[PDB]
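One file, structure_14.csv, carrying CSV, N, CA and C atoms and all ligand atoms:
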```
chain,number,residue,atom,x,y,z
H,1,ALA,N,0.8,-1.2,0.0
H,1,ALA,CA,0.0,0.0,0.0
H,1,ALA,C,0.9,1.3,0.0
H,2,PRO,N,1.5,1.6,-1.1
H,2,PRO,CA,2.4,2.8,-1.2
H,2,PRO,C,1.6,4.1,-1.1
H,3,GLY,N,2.1,5.1,-0.4
H,3,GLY,CA,1.5,6.4,-0.4
H,3,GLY,C,2.2,7.4,-1.3
H,4,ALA,N,3.3,7.1,-1.9
H,4,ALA,CA,3.9,8.0,-2.9
H,4,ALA,C,3.9,7.4,-4.3
H,5,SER,N,2.8,7.4,-4.9
H,5,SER,CA,2.5,6.6,-6.1
H,5,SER,C,2.2,7.6,-7.2
H,6,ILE,N,1.1,8.4,-7.1
H,6,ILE,CA,0.6,9.1,-8.2
H,6,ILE,C,0.5,10.6,-7.8
H,7,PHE,N,0.5,11.4,-8.8
H,7,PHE,CA,0.4,12.9,-8.7
H,7,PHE,C,-0.9,13.3,-9.2
H,8,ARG,N,-1.7,14.1,-8.4
H,8,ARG,CA,-2.9,14.7,-8.8
H,8,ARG,C,-2.9,16.2,-8.8
H,9,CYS,N,-3.7,16.9,-9.5
H,9,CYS,CA,-3.8,18.3,-9.4
H,9,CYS,C,-4.2,18.7,-8.0
H,10,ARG,N,-3.4,19.6,-7.4
H,10,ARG,CA,-3.7,20.0,-6.0
H,10,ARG,C,-5.0,20.7,-5.8
H,11,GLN,N,-5.5,21.3,-6.9
H,11,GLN,CA,-6.8,22.1,-6.8
H,11,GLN,C,-8.1,21.2,-6.9
H,12,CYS,N,-8.0,20.2,-7.7
H,12,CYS,CA,-9.2,19.4,-8.0
H,12,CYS,C,-9.1,17.9,-8.0
H,13,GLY,N,-7.9,17.4,-7.9
H,13,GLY,CA,-7.7,15.9,-7.8
H,13,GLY,C,-7.6,15.2,-9.1
H,14,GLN,N,-7.6,15.8,-10.2
H,14,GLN,CA,-7.4,15.2,-11.5
H,14,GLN,C,-6.1,14.4,-11.5
H,15,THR,N,-6.2,13.2,-12.0
H,15,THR,CA,-4.9,12.4,-12.1
H,15,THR,C,-4.0,13.0,-13.2
H,16,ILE,N,-2.7,13.2,-12.8
H,16,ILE,CA,-1.8,13.9,-13.8
H,16,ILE,C,-0.6,13.0,-14.2
H,17,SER,N,0.1,12.4,-13.2
H,17,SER,CA,1.2,11.6,-13.5
H,17,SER,C,1.6,10.7,-12.4
H,18,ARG,N,2.7,10.0,-12.5
H,18,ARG,CA,3.1,9.0,-11.5
H,18,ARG,C,4.5,9.1,-11.2
H,19,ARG,N,4.9,8.7,-10.0
H,19,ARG,CA,6.3,8.7,-9.5
H,19,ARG,C,7.1,7.9,-10.5
H,20,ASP,N,6.6,6.7,-10.9
H,20,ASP,CA,7.3,5.8,-11.8
H,20,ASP,C,7.7,6.5,-13.1
H,21,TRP,N,7.1,7.6,-13.5
H,21,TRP,CA,7.3,8.4,-14.7
H,21,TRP,C,8.3,9.6,-14.6
H,22,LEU,N,8.8,9.8,-13.4
H,22,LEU,CA,9.9,10.8,-13.2
H,22,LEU,C,11.0,10.6,-14.2
H,23,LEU,N,11.5,11.7,-14.7
H,23,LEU,CA,12.6,11.7,-15.7
H,23,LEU,C,13.8,12.5,-15.3
H,24,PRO,N,14.9,11.9,-15.1
H,24,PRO,CA,16.1,12.7,-14.7
H,24,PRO,C,16.8,13.5,-15.8
H,25,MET,N,16.2,14.6,-16.3
H,25,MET,CA,16.8,15.5,-17.3
H,25,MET,C,18.1,16.2,-16.8
H,26,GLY,N,19.1,16.0,-17.6
H,26,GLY,CA,20.5,16.5,-17.1
H,26,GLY,C,20.9,15.9,-15.8
H,27,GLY,N,20.5,14.7,-15.5
H,27,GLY,CA,20.9,14.0,-14.3
H,27,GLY,C,20.1,14.3,-13.0
H,28,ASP,N,18.9,15.0,-13.1
H,28,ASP,CA,18.1,15.3,-12.0
H,28,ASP,C,16.7,15.5,-12.4
H,29,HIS,N,15.7,14.9,-11.7
H,29,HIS,CA,14.3,15.1,-12.1
H,29,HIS,C,13.8,16.5,-11.7
H,30,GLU,N,14.5,17.1,-10.7
H,30,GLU,CA,14.2,18.4,-10.2
H,30,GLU,C,15.1,19.5,-10.8
H,31,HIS,N,14.4,20.6,-11.3
H,31,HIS,CA,15.1,21.7,-11.8
H,31,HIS,C,14.5,23.0,-11.2
H,32,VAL,N,15.3,23.8,-10.6
H,32,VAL,CA,14.8,25.0,-10.0
H,32,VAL,C,15.1,26.2,-10.9
H,33,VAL,N,14.1,26.9,-11.4
H,33,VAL,CA,14.2,27.8,-12.5
H,33,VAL,C,13.4,29.0,-12.3
H,34,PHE,N,13.7,30.1,-13.0
H,34,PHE,CA,12.9,31.3,-13.0
H,34,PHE,C,12.4,31.7,-14.3
H,35,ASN,N,11.2,32.3,-14.4
H,35,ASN,CA,10.7,32.8,-15.7
H,35,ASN,C,11.1,34.3,-15.8
H,36,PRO,N,10.8,35.0,-17.0
H,36,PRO,CA,11.1,36.4,-17.1
H,36,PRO,C,10.4,37.3,-16.2
H,37,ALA,N,9.3,36.9,-15.7
H,37,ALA,CA,8.5,37.6,-14.6
H,37,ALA,C,9.1,37.4,-13.2
H,38,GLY,N,10.2,36.7,-13.1
H,38,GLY,CA,10.9,36.5,-11.8
H,38,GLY,C,10.3,35.5,-10.9
H,39,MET,N,9.3,34.7,-11.4
H,39,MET,CA,8.7,33.7,-10.6
H,39,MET,C,9.6,32.5,-10.6
H,40,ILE,N,9.9,32.0,-9.4
H,40,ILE,CA,10.7,30.7,-9.2
H,40,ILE,C,9.8,29.5,-9.3
H,41,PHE,N,10.2,28.5,-9.9
H,41,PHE,CA,9.5,27.2,-10.0
H,41,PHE,C,10.4,26.1,-9.6
H,42,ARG,N,9.9,25.1,-8.8
H,42,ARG,CA,10.6,23.9,-8.6
H,42,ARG,C,9.9,22.9,-9.5
H,43,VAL,N,10.6,22.6,-10.6
H,43,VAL,CA,10.0,21.8,-11.7
H,43,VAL,C,10.5,20.4,-11.6
H,44,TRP,N,9.5,19.4,-11.7
H,44,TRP,CA,9.9,18.0,-11.7
H,44,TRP,C,9.5,17.6,-13.1
H,45,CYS,N,10.5,16.8,-13.7
H,45,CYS,CA,10.3,16.4,-15.1
H,45,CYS,C,9.8,15.0,-15.1
H,46,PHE,N,8.8,14.8,-16.0
H,46,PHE,CA,8.1,13.5,-16.1
H,46,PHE,C,8.1,13.1,-17.6
H,47,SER,N,8.3,11.8,-17.9
H,47,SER,CA,8.3,11.3,-19.2
H,47,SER,C,6.9,11.4,-19.8
H,48,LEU,N,5.9,11.2,-19.0
H,48,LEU,CA,4.5,11.1,-19.4
H,48,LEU,C,3.6,11.8,-18.4
H,49,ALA,N,2.5,12.3,-18.8
H,49,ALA,CA,1.4,12.9,-18.0
H,49,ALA,C,0.2,12.7,-18.7
H,50,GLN,N,-0.9,12.9,-18.0
H,50,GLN,CA,-2.3,12.8,-18.5
H,50,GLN,C,-3.2,13.8,-17.8
H,51,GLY,N,-4.4,14.0,-18.3
H,51,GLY,CA,-5.3,14.9,-17.7
H,51,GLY,C,-5.0,16.4,-17.8
H,52,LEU,N,-4.1,16.7,-18.7
H,52,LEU,CA,-3.7,18.1,-18.9
H,52,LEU,C,-4.4,18.6,-20.2
H,53,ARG,N,-4.4,19.9,-20.4
H,53,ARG,CA,-4.8,20.5,-21.7
H,53,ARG,C,-3.6,21.5,-22.1
H,54,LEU,N,-3.1,21.2,-23.2
H,54,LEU,CA,-1.9,22.0,-23.7
H,54,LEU,C,-2.5,23.1,-24.6
H,55,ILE,N,-2.0,24.3,-24.3
H,55,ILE,CA,-2.5,25.6,-24.8
H,55,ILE,C,-1.5,26.2,-25.8
H,56,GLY,N,-2.0,26.5,-27.0
H,56,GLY,CA,-1.2,27.3,-27.9
H,56,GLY,C,-0.2,26.5,-28.7
H,57,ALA,N,0.6,27.1,-29.5
H,57,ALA,CA,1.6,26.5,-30.3
H,57,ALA,C,2.9,26.6,-29.5
H,58,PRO,N,3.8,25.6,-29.8
H,58,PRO,CA,5.1,25.6,-29.0
H,58,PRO,C,6.0,26.8,-29.3
H,59,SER,N,6.7,27.2,-28.2
H,59,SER,CA,7.7,28.3,-28.3
H,59,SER,C,9.0,27.9,-27.8
H,60,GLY,N,10.1,28.3,-28.4
H,60,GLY,CA,11.5,28.0,-27.9
H,60,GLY,C,11.9,29.2,-27.0
H,61,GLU,N,11.2,30.3,-26.9
H,61,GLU,CA,11.6,31.5,-26.1
H,61,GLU,C,11.8,31.2,-24.7
H,62,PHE,N,13.0,31.5,-24.2
H,62,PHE,CA,13.3,31.3,-22.7
H,62,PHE,C,13.3,29.9,-22.2
H,63,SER,N,13.4,28.9,-23.1
H,63,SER,CA,13.2,27.6,-22.7
H,63,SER,C,14.3,27.2,-21.7
H,64,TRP,N,13.9,26.6,-20.6
H,64,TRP,CA,14.8,26.1,-19.5
H,64,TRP,C,15.6,24.8,-19.9
H,65,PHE,N,15.2,24.2,-21.0
H,65,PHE,CA,15.8,22.9,-21.5
H,65,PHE,C,16.2,23.1,-22.9
H,66,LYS,N,17.5,23.0,-23.1
H,66,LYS,CA,18.1,23.3,-24.4
H,66,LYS,C,17.6,22.4,-25.5
H,67,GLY,N,17.1,22.9,-26.6
H,67,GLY,CA,16.7,22.1,-27.7
H,67,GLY,C,15.2,21.8,-27.7
H,68,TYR,N,14.5,22.2,-26.6
H,68,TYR,CA,13.0,22.0,-26.5
H,68,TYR,C,12.2,23.2,-26.6
H,69,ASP,N,11.0,23.1,-27.2
H,69,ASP,CA,10.0,24.2,-27.3
H,69,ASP,C,9.0,23.8,-26.3
H,70,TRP,N,8.3,24.8,-25.7
H,70,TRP,CA,7.3,24.5,-24.7
H,70,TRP,C,5.9,25.0,-25.0
H,71,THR,N,4.9,24.4,-24.4
H,71,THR,CA,3.5,24.8,-24.4
H,71,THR,C,3.0,24.8,-23.0
H,72,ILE,N,2.2,25.7,-22.6
H,72,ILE,CA,1.6,25.7,-21.3
H,72,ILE,C,0.7,24.5,-21.1
H,73,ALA,N,0.8,23.9,-20.0
H,73,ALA,CA,0.0,22.7,-19.6
H,73,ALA,C,-0.9,23.1,-18.5
H,74,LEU,N,-2.2,23.1,-18.7
H,74,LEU,CA,-3.2,23.4,-17.7
H,74,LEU,C,-3.8,22.1,-17.2
H,75,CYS,N,-4.3,22.0,-16.0
H,75,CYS,CA,-5.1,20.9,-15.6
H,75,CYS,C,-6.3,20.9,-16.5
H,76,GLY,N,-6.6,19.7,-17.1
H,76,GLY,CA,-7.7,19.6,-18.0
H,76,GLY,C,-9.1,19.7,-17.4
H,77,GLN,N,-9.1,19.5,-16.1
H,77,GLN,CA,-10.4,19.6,-15.4
H,77,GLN,C,-10.7,21.0,-14.9
H,78,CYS,N,-9.7,21.6,-14.1
H,78,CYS,CA,-10.0,22.9,-13.5
H,78,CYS,C,-9.2,24.1,-14.0
H,79,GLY,N,-8.3,23.9,-15.0
H,79,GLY,CA,-7.6,25.0,-15.6
H,79,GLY,C,-6.4,25.5,-14.8
H,80,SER,N,-6.1,24.9,-13.7
H,80,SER,CA,-4.9,25.3,-12.9
H,80,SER,C,-3.6,25.1,-13.8
H,81,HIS,N,-2.7,26.1,-13.7
H,81,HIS,CA,-1.5,26.0,-14.5
H,81,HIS,C,-0.5,25.1,-13.8
H,82,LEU,N,-0.3,23.9,-14.4
H,82,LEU,CA,0.5,22.9,-13.7
H,82,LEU,C,1.9,22.7,-14.2
H,83,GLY,N,2.2,23.3,-15.4
H,83,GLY,CA,3.5,23.2,-15.9
H,83,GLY,C,3.6,23.5,-17.4
H,84,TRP,N,4.4,22.7,-18.0
H,84,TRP,CA,4.7,22.9,-19.5
H,84,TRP,C,4.9,21.5,-20.1
H,85,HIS,N,4.6,21.4,-21.4
H,85,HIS,CA,5.0,20.2,-22.2
H,85,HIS,C,6.1,20.7,-23.1
H,86,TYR,N,7.1,19.9,-23.2
H,86,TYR,CA,8.3,20.2,-24.0
H,86,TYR,C,8.4,19.2,-25.2
H,87,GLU,N,8.7,19.7,-26.3
H,87,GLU,CA,8.8,19.0,-27.5
H,87,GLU,C,9.9,19.5,-28.4
H,88,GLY,N,10.2,18.7,-29.5
H,88,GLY,CA,11.1,19.2,-30.5
H,88,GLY,C,12.6,18.9,-30.2
H,89,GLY,N,12.9,18.2,-29.1
H,89,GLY,CA,14.3,17.9,-28.7
H,89,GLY,C,14.7,16.5,-29.1
H,90,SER,N,15.7,16.0,-28.3
H,90,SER,CA,16.3,14.7,-28.6
H,90,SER,C,16.5,14.0,-27.3
H,91,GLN,N,16.1,12.7,-27.2
H,91,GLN,CA,16.5,11.8,-26.1
H,91,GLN,C,16.1,12.4,-24.7
H,92,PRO,N,14.8,12.6,-24.5
H,92,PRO,CA,13.7,12.3,-25.3
H,92,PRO,C,13.3,13.4,-26.2
H,93,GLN,N,12.4,13.1,-27.1
H,93,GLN,CA,11.9,14.1,-28.0
H,93,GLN,C,10.9,15.0,-27.2
H,94,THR,N,10.2,14.5,-26.3
H,94,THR,CA,9.2,15.2,-25.5
H,94,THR,C,9.3,14.8,-24.0
H,95,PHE,N,8.8,15.7,-23.2
H,95,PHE,CA,8.6,15.4,-21.7
H,95,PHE,C,7.7,16.5,-21.1
H,96,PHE,N,7.4,16.3,-19.9
H,96,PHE,CA,6.6,17.3,-19.1
H,96,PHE,C,7.4,17.9,-18.0
H,97,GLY,N,7.4,19.2,-17.8
H,97,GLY,CA,8.0,19.8,-16.6
H,97,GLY,C,6.8,20.4,-15.8
H,98,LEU,N,6.6,19.8,-14.6
H,98,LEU,CA,5.4,20.1,-13.8
H,98,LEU,C,5.9,20.8,-12.5
H,99,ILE,N,5.1,21.7,-12.1
H,99,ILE,CA,5.4,22.5,-10.9
H,99,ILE,C,5.1,21.7,-9.6
H,100,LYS,N,6.1,21.3,-8.9
H,100,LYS,CA,5.9,20.3,-7.8
H,100,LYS,C,4.8,20.7,-6.8
H,101,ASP,N,4.8,22.0,-6.4
H,101,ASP,CA,3.9,22.5,-5.3
H,101,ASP,C,2.5,22.6,-5.8
H,102,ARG,N,2.2,22.4,-7.1
H,102,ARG,CA,0.9,22.5,-7.7
H,102,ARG,C,0.3,21.1,-7.9
H,103,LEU,N,1.0,20.1,-7.4
H,103,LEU,CA,0.6,18.7,-7.5
H,103,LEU,C,0.4,18.1,-6.1
H,104,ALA,N,-0.5,17.2,-5.9
H,104,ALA,CA,-0.6,16.4,-4.6
H,104,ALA,C,-0.2,15.0,-4.9
H,105,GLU,N,0.7,14.5,-4.1
H,105,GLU,CA,1.2,13.1,-4.3
H,105,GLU,C,0.5,12.1,-3.3
H,106,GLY,N,0.2,11.0,-3.8
H,106,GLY,CA,-0.6,10.1,-2.9
H,106,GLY,C,-0.7,8.7,-3.5
H,107,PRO,N,-1.5,7.8,-2.8
H,107,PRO,CA,-1.6,6.4,-3.2
H,107,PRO,C,-2.3,6.2,-4.5
H,108,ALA,N,-2.0,5.1,-5.2
H,108,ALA,CA,-2.7,4.7,-6.4
H,108,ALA,C,-4.0,4.0,-6.0
M,1,LIG,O1,10.9,26.8,-20.3
M,1,LIG,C1,10.2,27.7,-20.0
M,1,LIG,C2,8.7,27.5,-19.9
M,1,LIG,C3,7.9,28.8,-20.1
M,1,LIG,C4,8.5,29.9,-19.3
M,1,LIG,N1,7.8,31.0,-19.2
M,1,LIG,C5,7.0,31.5,-18.2
M,1,LIG,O2,6.8,30.9,-17.1
M,1,LIG,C6,6.5,32.8,-18.6
M,1,LIG,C7,5.7,33.8,-17.9
M,1,LIG,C8,5.4,35.0,-18.6
M,1,LIG,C9,5.9,35.2,-19.9
M,1,LIG,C10,6.7,34.2,-20.5
M,1,LIG,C11,7.1,33.1,-19.8
M,1,LIG,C12,7.8,31.9,-20.4
M,1,LIG,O3,8.9,31.9,-21.2
M,1,LIG,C13,9.9,29.9,-19.2
M,1,LIG,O4,10.5,30.9,-18.8
M,1,LIG,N2,10.7,28.9,-19.7
M,2,ZN,ZN,-7.2,20.7,-11.5
```

Take the structure I supplied and represent it as structure tokens, if you would.
Amino acid sequence: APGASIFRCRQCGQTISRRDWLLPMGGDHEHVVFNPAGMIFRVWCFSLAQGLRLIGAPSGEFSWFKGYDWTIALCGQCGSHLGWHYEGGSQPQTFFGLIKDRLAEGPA
């Protein structure tokens, strides 16, 4: 009966990802980053996620991960901004960077 199994949207409980799907980009699944608006994010990288809605066309502008373009990822249920989907790169071609404090971790 594991308690650190899956990640849900902290605002509504939508299933989003799984601890098994953590991805160590540049040798670490956690990346502490800032956007141009000065906001700091503790981003956890996942190979896969579900229950999101990706908004707009990809952009390479200010990407925290070299070679990847990003799209905003909202919770598909409640609209909470949960992170970004990254695409266009290599090994892997795509992944998700999700904001740790916007997810709730718990049992499957
Ligand atoms: O990899 C990324 C993801 C998107 C991101 N980002 C933001 O969080 C943001 C907020 C306001 C205006 C523009 C940005 C954008 O480049 C960011 O800075 N880098
Ligand atoms: Zn939600």

Answer as a list in words, residues within 6 Å of (8.4, 12.9, -19.4) using all atoms listed in the file:
residues 21, 23, 45, 46, 47, 48, 49, 94, 95 and 96 of chain H

Give me, as a ChimeraX atom specification, all polymer residues having an atom no more than 7 Å from residue 68 (chain H), counting all atoms listed in the file and skipping those fewer than 3 positions away in the same chain.
/H:59-60,63,65,86-90

Give the residues close to ligand LIG 1 (chain M), within 6.5 Å, counting all atoms listed in the file; write them as a list in words.
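Counting all atoms listed in the file, the residues within 6.5 Å of ligand LIG 1 (chain M) come out as residues 34, 35, 36, 37, 61, 62, 63, 64, 65, 70 and 84 of chain H.
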
Which value, in Å to one decimal, gives the distance between CA of residue 33 (chain H) and CA of residue 100 (chain H)?
12.1 Å

Strand (DSSP E or B) call set, DSSP backbone run, chain H, as a ChimeraX atom specification:
/H:6-9,15-18,22,30-34,40-46,52-59,69-75,81-87,95-99,103-106

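Closest to residue 56 (chain H) among H:71, H:104, H:8, H:20 is H:71, based on all atoms listed in the file.
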
As a PyMOL selection string, please: every protein or nucleic acid residue near ligand ZN 2 (chain M) (cut-off 5 Å, counting all atoms listed in the file).
chain H and resi 9+11-13+75+77-80

Using Å and a single decimal, report how far atom N of residue 72 (chain H) sits from CA of residue 57 (chain H).
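Between these atoms lies a distance of 7.8 Å.
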
Go ahead and compute the interatomic distance for atom C of residue 101 (chain H) and CA of residue 40 (chain H), in Å to one decimal.
12.0 Å

Using all atoms listed in the file, which protein or nucleic acid residues come within 6 Å of residue 108 (chain H)? Drop anything in the same chain fewer than 2 positions from it, and give the result as a list in words.
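So the residues in contact are residues 2, 5, 6 and 106 of chain H.
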
Residues within 6.5 Å of residue 7 (chain H), all atoms listed in the file, excluding chain neighbours under 5 positions, as a PyMOL selection string:
chain H and resi 14-19+103-106

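With distances restricted to only N, CA and C atoms, H:76 is the closest residue to residue 50 (chain H) from H:107, H:76, H:38, H:67.
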
Could region 17-39 of chain H be completed with N, CA, C and O atoms and written as a PDB file, keeping the file's coordinate frame, please?
```
ATOM      1  N   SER H  17       0.100  12.400 -13.200  1.00  0.00           N
ATOM      2  CA  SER H  17       1.200  11.600 -13.500  1.00  0.00           C
ATOM      3  C   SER H  17       1.600  10.700 -12.400  1.00  0.00           C
ATOM      4  O   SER H  17       0.732  10.465 -11.465  1.00  0.00           O
ATOM      5  N   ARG H  18       2.700  10.000 -12.500  1.00  0.00           N
ATOM      6  CA  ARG H  18       3.100   9.000 -11.500  1.00  0.00           C
ATOM      7  C   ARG H  18       4.500   9.100 -11.200  1.00  0.00           C
ATOM      8  O   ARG H  18       5.349   9.485 -12.007  1.00  0.00           O
ATOM      9  N   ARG H  19       4.900   8.700 -10.000  1.00  0.00           N
ATOM     10  CA  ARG H  19       6.300   8.700  -9.500  1.00  0.00           C
ATOM     11  C   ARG H  19       7.100   7.900 -10.500  1.00  0.00           C
ATOM     12  O   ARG H  19       8.273   8.212 -10.741  1.00  0.00           O
ATOM     13  N   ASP H  20       6.600   6.700 -10.900  1.00  0.00           N
ATOM     14  CA  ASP H  20       7.300   5.800 -11.800  1.00  0.00           C
ATOM     15  C   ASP H  20       7.700   6.500 -13.100  1.00  0.00           C
ATOM     16  O   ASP H  20       8.643   6.035 -13.820  1.00  0.00           O
ATOM     17  N   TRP H  21       7.100   7.600 -13.500  1.00  0.00           N
ATOM     18  CA  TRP H  21       7.300   8.400 -14.700  1.00  0.00           C
ATOM     19  C   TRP H  21       8.300   9.600 -14.600  1.00  0.00           C
ATOM     20  O   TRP H  21       8.460  10.349 -15.504  1.00  0.00           O
ATOM     21  N   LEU H  22       8.800   9.800 -13.400  1.00  0.00           N
ATOM     22  CA  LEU H  22       9.900  10.800 -13.200  1.00  0.00           C
ATOM     23  C   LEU H  22      11.000  10.600 -14.200  1.00  0.00           C
ATOM     24  O   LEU H  22      11.405   9.431 -14.461  1.00  0.00           O
ATOM     25  N   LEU H  23      11.500  11.700 -14.700  1.00  0.00           N
ATOM     26  CA  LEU H  23      12.600  11.700 -15.700  1.00  0.00           C
ATOM     27  C   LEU H  23      13.800  12.500 -15.300  1.00  0.00           C
ATOM     28  O   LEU H  23      13.623  13.714 -15.195  1.00  0.00           O
ATOM     29  N   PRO H  24      14.900  11.900 -15.100  1.00  0.00           N
ATOM     30  CA  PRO H  24      16.100  12.700 -14.700  1.00  0.00           C
ATOM     31  C   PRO H  24      16.800  13.500 -15.800  1.00  0.00           C
ATOM     32  O   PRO H  24      17.954  13.151 -16.205  1.00  0.00           O
ATOM     33  N   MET H  25      16.200  14.600 -16.300  1.00  0.00           N
ATOM     34  CA  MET H  25      16.800  15.500 -17.300  1.00  0.00           C
ATOM     35  C   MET H  25      18.100  16.200 -16.800  1.00  0.00           C
ATOM     36  O   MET H  25      18.075  16.762 -15.747  1.00  0.00           O
ATOM     37  N   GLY H  26      19.100  16.000 -17.600  1.00  0.00           N
ATOM     38  CA  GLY H  26      20.500  16.500 -17.100  1.00  0.00           C
ATOM     39  C   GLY H  26      20.900  15.900 -15.800  1.00  0.00           C
ATOM     40  O   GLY H  26      21.638  16.614 -15.070  1.00  0.00           O
ATOM     41  N   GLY H  27      20.500  14.700 -15.500  1.00  0.00           N
ATOM     42  CA  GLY H  27      20.900  14.000 -14.300  1.00  0.00           C
ATOM     43  C   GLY H  27      20.100  14.300 -13.000  1.00  0.00           C
ATOM     44  O   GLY H  27      20.479  13.923 -11.919  1.00  0.00           O
ATOM     45  N   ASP H  28      18.900  15.000 -13.100  1.00  0.00           N
ATOM     46  CA  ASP H  28      18.100  15.300 -12.000  1.00  0.00           C
ATOM     47  C   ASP H  28      16.700  15.500 -12.400  1.00  0.00           C
ATOM     48  O   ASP H  28      16.471  16.211 -13.371  1.00  0.00           O
ATOM     49  N   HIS H  29      15.700  14.900 -11.700  1.00  0.00           N
ATOM     50  CA  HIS H  29      14.300  15.100 -12.100  1.00  0.00           C
ATOM     51  C   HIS H  29      13.800  16.500 -11.700  1.00  0.00           C
ATOM     52  O   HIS H  29      12.875  16.993 -12.216  1.00  0.00           O
ATOM     53  N   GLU H  30      14.500  17.100 -10.700  1.00  0.00           N
ATOM     54  CA  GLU H  30      14.200  18.400 -10.200  1.00  0.00           C
ATOM     55  C   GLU H  30      15.100  19.500 -10.800  1.00  0.00           C
ATOM     56  O   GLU H  30      16.295  19.362 -10.746  1.00  0.00           O
ATOM     57  N   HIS H  31      14.400  20.600 -11.300  1.00  0.00           N
ATOM     58  CA  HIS H  31      15.100  21.700 -11.800  1.00  0.00           C
ATOM     59  C   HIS H  31      14.500  23.000 -11.200  1.00  0.00           C
ATOM     60  O   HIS H  31      13.269  23.180 -11.341  1.00  0.00           O
ATOM     61  N   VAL H  32      15.300  23.800 -10.600  1.00  0.00           N
ATOM     62  CA  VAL H  32      14.800  25.000 -10.000  1.00  0.00           C
ATOM     63  C   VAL H  32      15.100  26.200 -10.900  1.00  0.00           C
ATOM     64  O   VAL H  32      16.289  26.387 -11.268  1.00  0.00           O
ATOM     65  N   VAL H  33      14.100  26.900 -11.400  1.00  0.00           N
ATOM     66  CA  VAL H  33      14.200  27.800 -12.500  1.00  0.00           C
ATOM     67  C   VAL H  33      13.400  29.000 -12.300  1.00  0.00           C
ATOM     68  O   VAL H  33      12.512  29.065 -11.435  1.00  0.00           O
ATOM     69  N   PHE H  34      13.700  30.100 -13.000  1.00  0.00           N
ATOM     70  CA  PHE H  34      12.900  31.300 -13.000  1.00  0.00           C
ATOM     71  C   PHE H  34      12.400  31.700 -14.300  1.00  0.00           C
ATOM     72  O   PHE H  34      13.168  31.575 -15.318  1.00  0.00           O
ATOM     73  N   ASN H  35      11.200  32.300 -14.400  1.00  0.00           N
ATOM     74  CA  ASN H  35      10.700  32.800 -15.700  1.00  0.00           C
ATOM     75  C   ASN H  35      11.100  34.300 -15.800  1.00  0.00           C
ATOM     76  O   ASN H  35      11.649  34.924 -14.874  1.00  0.00           O
ATOM     77  N   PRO H  36      10.800  35.000 -17.000  1.00  0.00           N
ATOM     78  CA  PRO H  36      11.100  36.400 -17.100  1.00  0.00           C
ATOM     79  C   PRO H  36      10.400  37.300 -16.200  1.00  0.00           C
ATOM     80  O   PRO H  36      10.889  38.413 -15.974  1.00  0.00           O
ATOM     81  N   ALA H  37       9.300  36.900 -15.700  1.00  0.00           N
ATOM     82  CA  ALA H  37       8.500  37.600 -14.600  1.00  0.00           C
ATOM     83  C   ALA H  37       9.100  37.400 -13.200  1.00  0.00           C
ATOM     84  O   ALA H  37       8.454  37.875 -12.258  1.00  0.00           O
ATOM     85  N   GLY H  38      10.200  36.700 -13.100  1.00  0.00           N
ATOM     86  CA  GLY H  38      10.900  36.500 -11.800  1.00  0.00           C
ATOM     87  C   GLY H  38      10.300  35.500 -10.900  1.00  0.00           C
ATOM     88  O   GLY H  38      10.773  35.306  -9.794  1.00  0.00           O
ATOM     89  N   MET H  39       9.300  34.700 -11.400  1.00  0.00           N
ATOM     90  CA  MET H  39       8.700  33.700 -10.600  1.00  0.00           C
ATOM     91  C   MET H  39       9.600  32.500 -10.600  1.00  0.00           C
ATOM     92  O   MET H  39      10.120  32.076 -11.676  1.00  0.00           O
TER      93      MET H  39
END
```
